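No lab work stands behind these numbers, since they all come straight from the coordinates. Neighbour counts run over all protein chains shown; Cβ positions are idealised from the backbone, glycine included.
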Amino acid sequence: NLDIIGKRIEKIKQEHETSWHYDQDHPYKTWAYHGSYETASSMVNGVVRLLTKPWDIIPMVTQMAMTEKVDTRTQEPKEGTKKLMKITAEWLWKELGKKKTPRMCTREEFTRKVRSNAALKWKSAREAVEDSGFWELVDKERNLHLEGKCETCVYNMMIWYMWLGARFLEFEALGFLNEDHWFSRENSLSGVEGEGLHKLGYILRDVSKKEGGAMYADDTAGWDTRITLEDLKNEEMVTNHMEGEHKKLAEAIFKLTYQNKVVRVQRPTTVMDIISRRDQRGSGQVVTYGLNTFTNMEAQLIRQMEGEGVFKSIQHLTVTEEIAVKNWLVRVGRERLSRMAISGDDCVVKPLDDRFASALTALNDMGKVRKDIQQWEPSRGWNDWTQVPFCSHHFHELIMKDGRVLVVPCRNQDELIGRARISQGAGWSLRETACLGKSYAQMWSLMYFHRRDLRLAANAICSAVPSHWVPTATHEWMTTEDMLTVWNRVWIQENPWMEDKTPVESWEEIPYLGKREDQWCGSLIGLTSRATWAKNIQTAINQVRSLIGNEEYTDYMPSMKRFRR
Ligand SMILES: Cn1ccnc1-c1noc(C2CCC2)n1
Ligand SMILES: [Zn+2]
Ligand SMILES: [Zn+2]
């Protein structure tokens, strides 16, 4: 406890010895308060907004740009629950480990990443990776970790940001999980890491093909707040697959940063608090993703065990029930993993039958309480894979004019248009604002080509931004290559669900949803505002061209039937 956290605490106290105070009015029950010391608006993208004028009067779009879970306690599962989790976790790390070799990620790898802008004494991250002084601090902390002690690895809430060095040491020990695709669908069977939105629909349709009951897609209420110390201890068992230095380094991340955290929080009453808790999820967002997937795969196999009646009670597991769990895992575990699509805290399960809907004792006792349903009310499943929610999407079946079948991602259009108009920072330039619009426009042309309004707005944005100006899972839209060529590569050539590889010659071969389906999913097709916008699009394109100035532009609008003379 204070032995593992104090040094970190003691060091902060000294940096602010002229402003240290144990406020007796601390607003914390579950977090441990140690002391206190003295101490992000969403901006509108104008290129995108000028080219989506109809949406200026839709509150669901315009409101998106305007403007008690952490402080809670989770009860320790029953002994029978803890046994189910340990046995399942042990077996799950072995399966993930069968065709993967743990390893340490390198200064070299970490450096390169910071130079390509991935979200993770010196101004930026880039400058710190060059200064050998930094690495000397990394070395100091690094050798502290090998002795089982920590000094500078402290979480700052705002999301859990850390100093680049603690990020490096986290990445050094556990980066392999992401960098080497442990949660790929090949190596994990339930995972979808590296798959892409253009593959998730096909993956859900494949789960649909299995004999079984309804498809279940229960969200957890505040997943990262419901991670128990028993969960963090089952995650740590990845170190059993490790050796030498790596093993020691990983053990220290788990022991000193995950299973015993130190955090600094801003409280307007503006002081900085220094609270400590052993539970809940607090890692980098990328290690969080992988350990979430891991623990969710474990929770969902156990819920599947409960509905198949492998065990009778969570209160206590008989000796023979343990043998039966172990034998279920060996006999059918891989088959049961294949019945699920899991992305962090998000899941879809097609169980053997609908007893799963009412198998709630283990799930609730593990603390993974379902969102927006009474603790003991049975799950409502989906009968059609095209109605199931997953990663903020649903998936349509869309037949091309030549019989070939696309499975395409979709969500409420007002959400898509709302996101494209929003970013962060007051520092950016017009060329950079224009670059993001193209990044959104190119994503829309690759993922949402089947929505009439987004294909039109994507064509307008690409016509309004200089042709050679580059745009900012997989991200095939981040390129200067012609979008019709990328579409053919992603939806035809590299698509394992498409047998006939005949390239599409033009955008007009590429179909839309039915007009009524497009309206159901939020299209303004049929409105008077939308007809005026489409008819007069060249004038909106010219408004943006005049603002950016005398640059080299392309007209992409004749790629659509209605503008092609
Ligand atoms: C390039 N980039 C990455 C993240 N955000 C941006 C960005 N660029 O321009 C803008 C302005 C604020 C609204 C439009 N944001
Ligand atoms: Zn440390
Ligand atoms: Zn839809």
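Using the rule -39500 (n - 2.57) for each DSSP H run of four or more residues, divided by the residues of the chain, the 222 nm mean residue ellipticity is -12500 deg cm²/dmol. Estimate the FRET efficiency between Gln285 and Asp372 by the formula 1/(1 + (r/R0)^6), using the beta-carbon distance for r and 22 Å for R0, to the nearest 0.05. Here the calculated transfer efficiency is 0.30.
Would you be so kind as to identify which of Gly309, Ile253, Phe294 lies farthest towards the positive end of the dipole of region 239-335, taking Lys and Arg as +1 and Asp and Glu as -1 on Cβ and the Cα centre as origin? Checking the options against the dipole of region 239-335, the answer is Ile253. What separates the Cα centres of region 156-188 and region 238-313 is a distance of 12 Å.
Taking a 27 Å limit on the Cα-Cα distance, which of the listed pairs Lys53/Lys561; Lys53/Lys123; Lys99/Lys140; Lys29/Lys368; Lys13/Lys149 fall beyond it? Over 27 Å Cα-Cα: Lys53/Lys123; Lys99/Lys140. Go ahead and collect, in residue order, the members of region 211-235 whose backbone nitrogen is under 17 Å from a label point 7 Å along the Cα-Cβ direction of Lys29. Counting only backbone N, you get 225-226. Simple rule: put +1 on each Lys or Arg Cβ and -1 on each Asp or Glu Cβ in region 394-559, find the dipole, and look at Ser463, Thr528, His394; the Cα lying farthest toward the positive end is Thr528.
About its Cα centre, the chain has a charge dipole of approximately 920 debye under the convention of +1 per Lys or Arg Cβ and -1 per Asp or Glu Cβ, with nothing else charged. Magnitude of the charge dipole for region 220-284, about its Cα centre and with charges confined to Cβ atoms of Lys, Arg (+1) and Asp, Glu (-1), is about 300 debye.
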